Amino acid sequence: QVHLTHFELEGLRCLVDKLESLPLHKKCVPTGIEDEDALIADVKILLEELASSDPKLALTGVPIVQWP
Amino acid sequence: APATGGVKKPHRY
Amino acid sequence: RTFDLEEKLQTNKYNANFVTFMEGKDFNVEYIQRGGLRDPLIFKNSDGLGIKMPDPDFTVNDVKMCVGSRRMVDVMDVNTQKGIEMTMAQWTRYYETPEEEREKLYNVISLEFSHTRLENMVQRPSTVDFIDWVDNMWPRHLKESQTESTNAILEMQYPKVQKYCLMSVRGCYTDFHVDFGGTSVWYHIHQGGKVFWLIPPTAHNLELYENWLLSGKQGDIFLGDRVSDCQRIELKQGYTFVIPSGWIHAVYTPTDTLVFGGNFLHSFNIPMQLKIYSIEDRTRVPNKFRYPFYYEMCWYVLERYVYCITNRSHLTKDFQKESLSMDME
Ligand SMILES: O=C(O)CNC(=O)C(=O)O
Ligand code: NI
């Protein structure tokens with residue numbers, strides 16, 4: 001339903017593959033994160049769902065991540 | 001001697 | 001150094017055109033969404049950028065009084081590219097010494113002045129605020145808790161890399177590098193001027209850069225001579241420059257100069273950010289010269305995208321309550 005840029009979709013896929021494959025002593029899961037495996041799982045689902053983002057509709061001029 | 005981070009410098013010769 | 005810096009400043013061979021000359025009005029989030037901040041940018045005036053800077057005649061002694069005489073600052077010895085430290089009063093003494101009485105050539109490119117009186121005098125381009133991972137991704141109550149104005153890591157509550165003051169005497173040179181963590185840079189010439197050599201982060205050029213780093217001949221091989229296309233460009237007083245992730249650059253200072261600038265990660269060139277991080281890993285760069293809390297930040301990025309899009313939080317309950325309190329302010 002939201003449209004991400006291909007810049008973001010490709011970058012989030014790189015980032016999830018990167019963080020998932022770091023061993024425990026290099027993963028650096030920070031203090032605020034609850035269950036990082038469930039996070040990795042949710043990101044993969046979301047990337048599948050957003051894979052058909054439309055490139056023109058992604059150009060909203062406002063970032064998807066902003067504070068309320 | 002506190003450790004620092006975010007120091008901008010290229011590598012030494 | 002065995003290469004001739006004067007010939008690198010005089011030759012016409014670094015004639016690539018990689019920089020886009022833009023008006024500030026046009027540097028907005030839609031521009032970043034469309035182009036991925038892949039091109040170096042120069043803003044010959046500040047109209048429309050939303051920047052703020054100190055008085056036009058601000059001096060190094062003024063910077064000193066704002067950050068403290070006793071603040072330790074990292075300094076580069078230009079001849080060796082090695083680091084040393086002194087206090088800001090000692091640096092100011094050096095900078096105020098006539099040119100012919102200075103024994104050595106020193107540069108400061110690493111004074112991060114957040115959480116000092118200087119911080120509210122300088123604001124970077126508004127668009128950077130909308131995309132920087134620090135401002136948009138790191139838990140806000142942790143960033144707001146920072147008290148320490150130095151870059152001591154034990155007191156650092158977020159990646160403290162947003163606002164730096166560069167003070168460079170005539171003759172300063174900073175050899176080719178890529179900024180830490182594949183950060184993008186904004187750079188405003190408050191007084192003076194700078195000369196940059198720019199090399200694009202193609203796979204082949206990033207392989208050359210890493211091999212040059214591993215060879216340890218940086219003083220012998222001017223890296224812009226090793227690549228197919230390099231651009232040397234002059235930045236004049238009042239210009240603002242934005243360097244994209246990954247770009248390999250060197251910088252020469254033709255006149256005493258004061259710059260305000262800073263670093264940021266963002267969501268539109270994460271593959272390059274990750275590529276640069278891994279070069280630093282392979283080349284054994286000491287942590288002090290790296291982006292603080294880099295993978296911690298990357299975890300918070302994943303959590304923000306999932307929350308913002310799906311309303312599913314992966315922060316602890318306590319962190320969620322800290323955030324909700326700040327939403328009600
Ligand atoms: O200004 C200098 O001497 C060096 N500056 C940089 O490398 C930079 O701002 O990214
Ligand atoms: Ni740099």
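Lettering follows sequence order; numbering is per chain, from 1. Order of appearance sets the numbers: ligands from 1, and atoms from 1 within every ligand. Scope of the values below: all heavy atoms of this structure, side chains included, with no hydrogens, waters or symmetry mates.
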* Which residues pass the side chain to side chain donor-acceptor pair (under 3.5 Å) test with C:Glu6, sequence neighbours left out? ->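 Here the qualifying residues are C:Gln10.
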* Check the pair C:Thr150, C:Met72 against side-chain contact (heavy atoms from CB on, under 4.5 Å), reporting the backbone distance first and the verdict last. => CA-CA 8 Å; C:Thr150 69; C:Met72 302 291 315; over 6 Å; no
* Return the number of protein N, O or S atoms with a distance to the Ni ion (ligand 2) smaller than 2.8 Å. =>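 Number of qualifying protein atoms: 3.
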* To do: Tell me, yes or no, whether the heavy-atom count around A:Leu24 atom CG, taken from other residues, nucleotides or ligands under 6.0 Å, exceeds 12.
  =>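 Open.
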* To do: Taking atom types as modelled, find out whether C:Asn61 and C:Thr92 have a side-chain donor-acceptor pair closer than 3.5 angstrom.
  =>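 No pair is found: no donor N or O on one side chain lies under 3.5 Å from an acceptor on the other.
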* Asked: Heavy atoms, side chains only, cut-off 4.5 Å: are C:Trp91 and C:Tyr106 in contact?
  ->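 With C-beta onward as the side chain, the pair touches.
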* Asked: Which residues pass the side-chain contact (heavy atoms from CB on, under 4.5 Å) test with A:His3, sequence neighbours left out?
  ->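 A:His3 satisfies side-chain contact (heavy atoms from CB on, under 4.5 Å) with A:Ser53, A:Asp54, A:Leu57, A:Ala58 only.
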* To do: Please test C:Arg70 against C:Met88 for side-chain contact (heavy atoms from CB on, under 4.5 Å), starting from the C-alpha separation and ending with a verdict.
  => CA-CA 6 Å; C:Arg70 293 167 284 196; C:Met88 275 291 299; over 6 Å; no
* Asked: Is any side-chain N of the basic residue among A:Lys44 and A:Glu20 closer than 4.0 Å to the acidic one's carboxylate O?
  ->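 Answer for the salt bridge query: yes.
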Give every pair made of an N or O atom of ligand 1 and a protein N or O atom lying under 3.5 Å apart, one pair per line with both atom names and the distance to 0.1 Å, or write 'none'.
residue	atom	partner	partner atom	Å
ligand 1	1 (O)	C:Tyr187	OH	2.8
ligand 1	1 (O)	C:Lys194	NZ	3.0
ligand 1	3 (O)	C:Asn107	OD1	3.3
ligand 1	3 (O)	C:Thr174	OG1	2.8
ligand 1	3 (O)	C:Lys194	NZ	3.4
ligand 1	7 (O)	C:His177	NE2	2.9
ligand 1	7 (O)	C:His249	NE2	3.3
ligand 1	10 (O)	C:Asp179	OD1	3.0
ligand 1	10 (O)	C:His249	NE2	3.0

* Asked: Going through the checks in order, is the side-chain contact (heavy atoms from CB on, under 4.5 Å) test met by C:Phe18 and C:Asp229?
  -> CA-CA 9 Å; C:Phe18 300 123; C:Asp229 293 288; 3.8 Å; yes
